[PDB]
Amino acid sequence: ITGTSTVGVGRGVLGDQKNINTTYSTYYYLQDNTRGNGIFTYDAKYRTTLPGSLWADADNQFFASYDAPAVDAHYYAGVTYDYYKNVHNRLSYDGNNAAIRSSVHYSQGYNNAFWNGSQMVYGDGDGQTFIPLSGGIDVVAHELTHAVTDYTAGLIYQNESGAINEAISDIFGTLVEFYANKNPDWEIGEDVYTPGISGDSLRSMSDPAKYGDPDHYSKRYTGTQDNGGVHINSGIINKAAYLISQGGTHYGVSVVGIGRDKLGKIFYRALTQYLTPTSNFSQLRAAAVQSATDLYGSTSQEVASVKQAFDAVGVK
Ligand SMILES: [Ca+2]
Ligand SMILES: [Ca+2]
Ligand SMILES: [Ca+2]
Ligand SMILES: [Ca+2]
Ligand SMILES: [Zn+2]
């Protein structure tokens with residue numbers, strides 16, 4: 001809507017207070033004009049029609065329980081935008097400040113969230129498996145990262161290319177979580193997964209096998225479920241990324257860690273410069289080796305560490 005930029009205050013899914021950029025014109029709308037062509041958050045009202053209605057509020061205070069998933073979808077979209085702009089010089093998901101749209105309260109008790117080719121969409125969870133999913137900064141950044149991939153590599157959402165697509169989202173979801181510096185970790189979805197169980201998460205990058213996912217190519221899933229295991233075989237790539245950053249030994253292969261920032265640089269360049277819609281794991285390794293070579297040189301520690309990390313997970 002046309003209006004004036006304003007600043008409201010509210011509480012997110014975890015009960016934390018934060019300021020949000022809004023727009024005033026009769027109502028206060030969840031419309032942040034400070035980032036690119038804007039960040040817009042919508043109410044899906046428990047339906048599956050999208051986007052729903054642009055979120056309108058009478059007083060610019062967002063403290064109702066119904067408000068919490070919207071506050072966080074809106075705020076964390078902002079943090080993710082800031083990460084890509086400040087860290088990678090990328091303006092929104094298309095690199096041309098495309099408007100970012102999210103819908104919350106999607107369907108009833110919906111235990112998922114997704115990027116649908118046009119926008120991010122968040123369920124409220126059923127209160128057992130999940131609480132509203134936009135409460136997870138890694139979840140928001142994971143979904144917005146699918147948009148980045150759509151506009152760059154275009155990794156097909158099946159088999160190996162799909163597992164890379166997924167890992168790319170977990171990698172940058174995590175790097176955004178670190179960027180915000182709010183209880184950061186190498187787990188995925190821990191802030192919104194299973195409110196009845198402490199200490200678990202949907203996936204682990206540091207130890208994928210913790211939650212049933214492979215951490216070596218020899219243990220890859222070869223069947224047809226989950227689009228050929230896109231959320232399963234992502235553990236192999238997640239593990240390699242974790243190792244590149246943090247180092248360690250894994251199946252008797254030693255990796256010298258180079259830190260998060262360089263991991264982010266190498267994988268961002270791989271995603272935007274080398275990967276293609278049909279890239280496989282082997283091709284990802286090559287893309288990452290080439291990216292590290294461009295940035296740090298062929299004889300660098302960074303290149304050597306990329307090779308050791310892929311060696312460790314059995315990807316040549
Ligand atoms: Ca209000
Ligand atoms: Ca965390
Ligand atoms: Ca996390
Ligand atoms: Ca839990
Ligand atoms: Zn995903």
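Count residues from 1 along the sequence. Indexing begins at 1, ligand by ligand and atom by atom, following the structure's order. What's counted below: heavy atoms across the whole structure, side chains too, no hydrogens, waters or symmetry copies.
With contacts defined as side-chain heavy-atom distances shorter than 4.5 Å, the pair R285/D311 qualifies.
Residue-and-atom listing of protein N/O/S atoms under 3.0 Å from the Ca ion (ligand 4), sorted by chain and number: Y193 O, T194 O, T194 OG1, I197 O, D200 OD1.
Annotation for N19 and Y75: closest pair O-CD1, 3.3 Å, computed over non-hydrogen atoms.
The residue from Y29, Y42, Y27, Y66 that alone fulfils the ring pair (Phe, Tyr, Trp, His ring centres under 6.0 Å) condition with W55 is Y66.
A cation-pi arrangement, defined by a distance under 6.0 Å to the six-membered ring centre and an angle within 45 degrees of its axis, is absent between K316 and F310.
Nearest N/O/S atom of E177 with respect to the Ca ion (ligand 2) is recorded as OE2. The Ca ion (ligand 2) is closest to atom OD2 of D185 (considering only N, O or S atoms).
Expressed to the nearest 0.5 Å, how far CZ of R203 lies from OG of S234 amounts to 5.5 Å.
The environment of NZ in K45 is sparse: at most 12 heavy-atom neighbours from other residues, nucleotides or ligands sit within 6.0 Å.
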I100/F40 under side-chain contact (heavy atoms from CB on, under 4.5 Å): CA gap, chis, key distance, verdict: CA-CA 6 Å; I100 292 163; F40 297 82; over 6 Å; no
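Note on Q61: counted as a metal contact of the Ca ion (ligand 1), an N/O/S atom lying under 3.0 Å. Within the 3.0 Å limit, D59 places at least one N, O or S atom next to the Ca ion (ligand 1). Not a single N, O or S atom of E187, from either the backbone or the side chain, sits less than 3.0 Å from the Ca ion (ligand 2).
A donor atom on one side chain and an acceptor atom on the other are found under 3.5 Å apart for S103 and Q119.
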